[PDB]
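Since the structure comes first, as structure tokens, the remarks are kept for the end.
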Amino acid sequence: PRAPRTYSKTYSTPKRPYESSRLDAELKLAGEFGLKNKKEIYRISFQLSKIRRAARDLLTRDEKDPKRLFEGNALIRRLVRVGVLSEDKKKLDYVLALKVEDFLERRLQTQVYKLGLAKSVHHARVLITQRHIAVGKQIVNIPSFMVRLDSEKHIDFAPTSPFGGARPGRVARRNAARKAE
Amino acid sequence: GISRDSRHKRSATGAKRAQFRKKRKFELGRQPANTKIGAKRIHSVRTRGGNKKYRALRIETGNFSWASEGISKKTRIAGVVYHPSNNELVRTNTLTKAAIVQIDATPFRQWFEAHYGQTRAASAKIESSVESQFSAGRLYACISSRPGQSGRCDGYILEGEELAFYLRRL
Amino acid sequence: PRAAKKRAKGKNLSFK
Amino acid sequence: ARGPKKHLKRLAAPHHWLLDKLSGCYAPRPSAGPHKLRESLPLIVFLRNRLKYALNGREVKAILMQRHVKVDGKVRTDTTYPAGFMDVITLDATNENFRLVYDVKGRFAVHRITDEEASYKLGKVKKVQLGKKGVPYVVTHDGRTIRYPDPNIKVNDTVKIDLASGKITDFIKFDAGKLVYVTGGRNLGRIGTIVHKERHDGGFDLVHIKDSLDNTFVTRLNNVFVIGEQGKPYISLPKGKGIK
RNA sequence: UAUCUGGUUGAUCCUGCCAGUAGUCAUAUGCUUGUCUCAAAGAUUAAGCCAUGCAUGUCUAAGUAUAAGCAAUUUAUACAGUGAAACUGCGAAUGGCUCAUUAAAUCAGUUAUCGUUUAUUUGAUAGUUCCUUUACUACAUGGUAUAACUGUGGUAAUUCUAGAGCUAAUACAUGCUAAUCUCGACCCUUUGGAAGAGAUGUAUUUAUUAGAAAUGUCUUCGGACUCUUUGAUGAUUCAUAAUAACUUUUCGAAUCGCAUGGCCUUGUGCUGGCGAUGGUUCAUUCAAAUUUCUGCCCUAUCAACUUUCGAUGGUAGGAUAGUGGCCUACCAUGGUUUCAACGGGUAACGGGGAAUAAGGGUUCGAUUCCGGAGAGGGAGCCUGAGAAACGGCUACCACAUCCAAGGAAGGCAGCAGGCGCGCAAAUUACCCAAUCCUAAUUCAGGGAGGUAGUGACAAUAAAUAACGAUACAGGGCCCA
RNA sequence: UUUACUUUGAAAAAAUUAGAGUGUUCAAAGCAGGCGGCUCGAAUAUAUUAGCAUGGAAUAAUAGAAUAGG
Ligand SMILES: [Mg+2]
Ligand SMILES: [Mg+2]
Ligand SMILES: [Mg+2]
Ligand SMILES: [Mg+2]
Ligand SMILES: [Mg+2]
Ligand SMILES: [Mg+2]
Ligand SMILES: [Mg+2]
Ligand SMILES: [Mg+2]
Ligand SMILES: [Mg+2]
Ligand SMILES: [Mg+2]
Ligand SMILES: [Mg+2]
Ligand SMILES: [Mg+2]
Ligand SMILES: [Mg+2]
Ligand SMILES: [Mg+2]
Ligand SMILES: [Mg+2]
Ligand SMILES: [Mg+2]
Ligand SMILES: [Mg+2]
Ligand SMILES: [Mg+2]
Ligand SMILES: [Mg+2]
Ligand SMILES: [Mg+2]
Ligand SMILES: [Mg+2]
Ligand SMILES: [Mg+2]
Ligand SMILES: [Mg+2]
Ligand SMILES: [Mg+2]
Ligand SMILES: [Mg+2]
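Rendered as structure tokens:
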């Protein structure tokens with residue numbers, strides 16, 4: 001038969017989900033950043049835990065070991081590129097100091113809200129899912145899209161979108177036709 | 182029916198193995214070819230690969246080599262006198278390797294007079310027992326070929342210590 | 352001995 | 368099984384071929400030929416997945432039966448013909464000549480050569496013996512039986528064979544200080560010079576090799592192939608010169 | 001367990017205790033089920049039983065067409081295009097499925113074949129002149145022969161076939177056609193001529209044999225004068241060579257396509273190209289068989305086991321591709337074991353792996369890859385390089401289809417699809433375009449495989465709304 | 001002295017795991033090459049025991065024509 005296609009889970013249930021502090025924290029995160037449900041928070045927590053565990057394991061190693069240098073340099077490069085880690089902040093110890101919030105701001109929905117294309121996180125999500133936002137030349141309809149530093153400042157309304165230059169949507173032209181009639 | 186696999190036998194410790202698999206062709210066996218004195222009857226056998234084997238059901242004639250003079254002559258086989266493995270083969274006159282048989286003295290004798298001109302003298306000297314055999318008219322020979330495989334009954338004549346031992350056993 | 356030295360271009364048309 | 372196998376699963380194929388695991392279920396099974404299965408590159412892989420001249424098996428069949436491909440100076444029409452190390456592949460229509468040599472990664476590399484280089488190949492003397500009628504002969508790593516060898520030519524030496532006629536132009540002894548190429552193991556594709564042939568009676572011989580960077584490594588003798596004296600290889604080497 | 005809640009009295013604290021609250025994974029099941037990508041389909045320890053359909057056939061210029069086949073032609077003078085059928089060659093021994101059996105067995109790692117077979121691929125490899133009946137086919141031998149086909153027939157019935165008449169080969173069986181090399185006297189002094197003395201394949205079997213103070217002279221200053229003379233492995237009776245015979249004994253091209261070049265003394269004279277298919281031996285490659293060492297769960301309330309009918313070892317023989325108690329004949333009495341032999345159980349195929357865990361560990365692993373075994377259960381075989389084959393064959397046991405009762409035909413643990421209940425679960429779908437595999441081979445075939453369909457197997461992303469204005473009212477919220 | 005033991009090197013298929021690069025629109029994934037010499041690019045790692053080679057002073061066994069006799 002055909003060779004297997006590997007797969008993996010991108011999230012894990014926290015250790016004891018029902019902590020009142022944890023429930024309030026998820027409430028705050030979801031409200032501030034307009035997350036649909038708790039699975040998004042669990043996913044990003046899983047990713048952050050993986051990253052921070054890797055950073056800890058590398059930190060355990062002595063300074064100047066080949067594996068520590070190579071893996072740490074790669075991890076710092078990726079974190080700096082994605083934008084969670086600032087340029088002046090390039091050390092594994094500071095990787096241990098990251099939080100989920102940083103990745104949350106790096107979401108495309110949050111960037112669209114902050115840039116002023118949308119006045120609210122929910123409005124930003126609605127715009128993303130309706131194909132009105134383009135990163136560079138590419139239309140992106142995934143709110144969980146992770147925006148790089150370079151890609152950050154190319155976010156714009158898509159050329160095909162009515163807000164980005166194209167003809168008015170069906171509602172507008174329907175209303176115009178009925179008014180004409 | 183005949184198979185050779187080591188599996189059906191008991192283990193060294195004495196434990197008995199279970200049947201690992203069915204019998205395989207590549208571990209087969211075939212019936213013995215009890216070659217006997219009689220009109221030449223040989224039949225081929227299709228063996229593994231494209232090769233072939235000859236089965237000597239009957240032979241009279243064999244190629245026997247006089248080593249001490251370095252010759253080889255074809256000769257009739259008189260009969261089986263002694264075989265070291267199993268004496269019923271001697272009783273039944275079954276031809277196999279290492280069997281001790283009797284061969285005619287004629288071609289060897291005539292070659293002897295022809296080459297040596299004697300029925301020079303020092304070279305013509307021969308071991309006494311074989312001269313007695315010549316006078317008898319039959320020679321003791323040992324089969325070195327495998328009639329069950331090659332279809333031949335080639336052999337060599339007994340001499341010296343070999344000859345003395347086999348006469349003593351006789 | 353040295354290896355052999357290394358050695359069609361895009362074309363564009365607009366219509367309509 | 369009960370007889371020779373005629374299929375090869377993609378996951379079971381040699382890794383160095385670089386076959387996509389999801390492309391299909393089966394990989395080209397190299398037919399019988401000069402080189403062993405695991406150490407060979409079938410012509411289909413070379414023409415399709417490496418040169419990209421053909422887009423699937425069928426155009427490869429078309430190319431081959433057009434007789435445009437020559438291996439070892441001879442036209443071959445079997446898609447799964449097992450081309451191997453130091454085999455010269457000529458495509459005259461394109462005016463291209465390739466010699467199959469592993470890269471430092473261990474993978475057969477597309478190495479272009481001149482016609483003059485293509486005129487000759489190198490073969491490791493795997494056996495030297497007297498044949499029928501008392502005629503000495505040498506068996507090389509590619510299964511070529513060459514009669515009337517130079518009697519100094521010994522096992523583990525290398526002979527330069529003219530493709531057109533198949534005679535020995537010259538030979539190199541296996542001695543310390545010669546330049547060697549690794550044809551197996553983790554060090555596969557590395558180039559260096561001999562330092563010692565460590566010898567074990569009844570056991571596999573081991574050879575110590577020093578590269579141009581002065582790094583030293585040990586490999587089994589079966590994986591060593593002499594290609595020249597230091598600083599003067601008899602063949603053009605791929606990019607990187609077998610370093611790292 | 002932790003954490004959280006509650007109960008322990010007339011109440012409140014401080015303890016202590018008790019109850020419930022953790023977890024993925026696994027089995028079964030209920031409800032819901034819009035979009036994208038992706039992917040799986042076992043289980044009554046029932047390897048239990050199966051209707052129907054399909055899953056292995058194959059032809060290039062190059063083995064064999066007077067098909068009374070088709071079409072052609074400069075309208076055919078042995079044939080020539082294409083080509084059913086049949087003979088011949090190759091494949092069917094790969095692939096797919098399942099885990100019944102199996103506890104040093106398989107299997108993993110690691111060794112050996114100086115212990116043996118090996119179609120195919122690839123590279124090498126074969127002038128033997130002559131030898132009485134030459135009374136002579138090699139400008140090419142026979143039926144010691146048949147299919148397809150024509151025609152006469154049987155049976156209820158099957159991929160059943162009888163008699164008679166025909167004709168082919170790369171089928172079967174036979175059989176041939178002035179060479180090369182050593183020395184070389186004599187001339188000649190080289191590009192030398194040669195009176196003559198000599199030598200002549202493989203394959204099988206046996207025996208024997210081999211296989212280990214020239215420090216000078218002259219010379220042209222170069223060079224010449226005499227001698228050497230097998231190889232490998234750690235190791236061999238190895239490789240190889242030689243002598244003497246031997247063989248119901250082989251091989252040494254009686255094959256085919258395309259094309260018409262070169263010499264002449266002008267003859268259908270001589271010679272000659274590019275390919276296919278065959279053939280002896282060696283090597284290589286794909287393989288196969290045995291094999292060296294270490295490693296398996298529970299059981300001691302299994303302590304002695306194996307040996308009469310081979311158990312351990314010696315000799316000889318038979319057998320095999322070959323080693324070997326593999327078997328036979330004669331011999332000895334050996335072999336394993338509290339370092340657990342032997343016996344019993346195993347819902348025991350082994351492994352790469354999967355889950356969990358902080359680490360040690362524990363469990364699972366039929367299931368995409370490798371290896372082993374099997375095709376309802378035993379036993380035995382033809383063919384072929386390769387099978388103890390079962391989509392090959394024969395007998396026996398259990399089932400079970402047809403029947404005119406005389407006989408004939410069986411093996412889905414292949415793809416679909418059914419039964420096993422009276423309670424249930426993917427389509428008897430399309431295709432060889434991708435992957436590669438088989439063949440005489442680009443082209444044909446491939447339920448291998450792919451495409452799509454079908455219960456939320458397991459996974460990824462993610463809609464069900466967002467944006468304003470206006471009006472009215474005073475209470476809304478948190479702790480206790 | 002020999003062994004045990006220990007360091008290092010070969011070896012332990014692929015797939016799987018860890019890891020590096022890559023805007024599959026993101027992701028699960030898949031993937032090895034780009035510019036006209038550019039000093040660009042999976043750099044790779046990983047396995048208890050068995051066997052092989054190799055450096056070892058200790059530890060634990062094992063040895064002596066050791067400090068013997070005239
Ligand atoms: Mg649109
Ligand atoms: Mg060896
Ligand atoms: Mg339901
Ligand atoms: Mg809806
Ligand atoms: Mg849509
Ligand atoms: Mg015709
Ligand atoms: Mg034709
Ligand atoms: Mg048992
Ligand atoms: Mg064992
Ligand atoms: Mg073939
Ligand atoms: Mg051949
Ligand atoms: Mg007839
Ligand atoms: Mg024996
Ligand atoms: Mg007995
Ligand atoms: Mg079982
Ligand atoms: Mg398994
Ligand atoms: Mg079987
Ligand atoms: Mg069944
Ligand atoms: Mg059977
Ligand atoms: Mg089958
Ligand atoms: Mg079936
Ligand atoms: Mg089925
Ligand atoms: Mg299927
Ligand atoms: Mg042909
Ligand atoms: Mg080890």
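Protein chains in written order, with our numbering: chain A, 1 to 181; chain B, 182 to 351; chain C, 352 to 367; chain D, 368 to 611.
By construction, the Cβ of each residue, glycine as well, lies at the ideal position given by its N, Cα and C atoms.
Within the same chain, show all residues whose beta-carbon is closer than 7 Å to that of residue i, passing over the 5 residues directly before and after it, in chain order.
i: B/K233; result: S225, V226, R227
i: B/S326; result: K278, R333, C334, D335, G336
i: B/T300; result: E294
At least one CB of chain D closer than 8 Å to the CB of residue i: is that the case?
i: C/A359; result: no
i: A/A3; result: yes
On the DSSP bridge list, what partners appear for residue i?
i: D/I610; result: According to DSSP, D/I610 bridges with nothing at all.
i: D/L546; result: D/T560, D/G595
i: D/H575; result: D/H563, D/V585
i: B/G336; result: B/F245, B/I324
i: B/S309; result: None; B/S309 has no bridge partner.
i: D/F465; result: D/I456, D/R479
i: B/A237; result: B/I223
i: D/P449; result: D/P409
i: D/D537; result: D/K527
i: D/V495; result: D/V505
i: D/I520; result: Looking at the DSSP assignment, D/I520 forms no beta bridge with any residue, so it has no partner.
i: B/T216; result: B/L276
Just checking: is the beta-carbon of residue i within a distance shorter than 8 Å of some beta-carbon in chain A?
i: D/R377; result: yes
i: D/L546; result: no
Would you please verify whether the beta carbon of residue i is less than 8 Å from any beta carbon of chain C?
i: D/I480; result: yes
i: D/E484; result: yes
Leaving out the 5 sequence neighbours to the left and right, which residues in its chain are closer than 8 Å to residue i when beta-carbon positions are compared?
i: B/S310; result: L344, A345, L348
i: A/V140; result: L108, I128, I133, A134
i: D/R405; result: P381
Of the residues the options, which one's Cα is nearest the Cα of residue i?
i: B/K221; options: B/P328, B/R191, B/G318; result: B/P328
i: A/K9; options: A/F145, A/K67, A/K64, A/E40; result: A/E40
i: B/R185; options: B/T194, B/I307, B/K203, B/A193; result: B/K203
i: D/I456; options: D/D578, D/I480, D/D470; result: D/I480
i: D/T444; options: D/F475, D/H478, D/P409; result: D/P409
Looking only at its own chain, which residues have a Cβ that is under 6 Å from the Cβ of residue i, when we skip the five neighbours before and after it?
i: D/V585; result: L573, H575
i: A/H122; result: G34
i: D/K494; result: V506
i: D/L386; result: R377, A380, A394
i: B/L270; result: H264
i: B/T273; result: none
Check your understanding: Of the residues that make up the region 5 to 19 of chain A, which ones have a beta carbon closer than 8 Å to any beta carbon in chain D?
Key -> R5
**Study point:** Residues of the region 381 to 413 of chain D with Cβ closer than 7 Å to any Cβ of chain A, in chain order
**Key:** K388, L389, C392
Practice item. With 9 Å as the limit, tell me which residues of the region 595 to 606 of chain D have their beta carbon closer than that to any beta carbon of chain C; keep them in chain order. Key: If the cut-off is 9 Å between Cβ atoms, the region 595 to 606 of chain D has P600, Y601, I602, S603, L604, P605, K606 near chain C.
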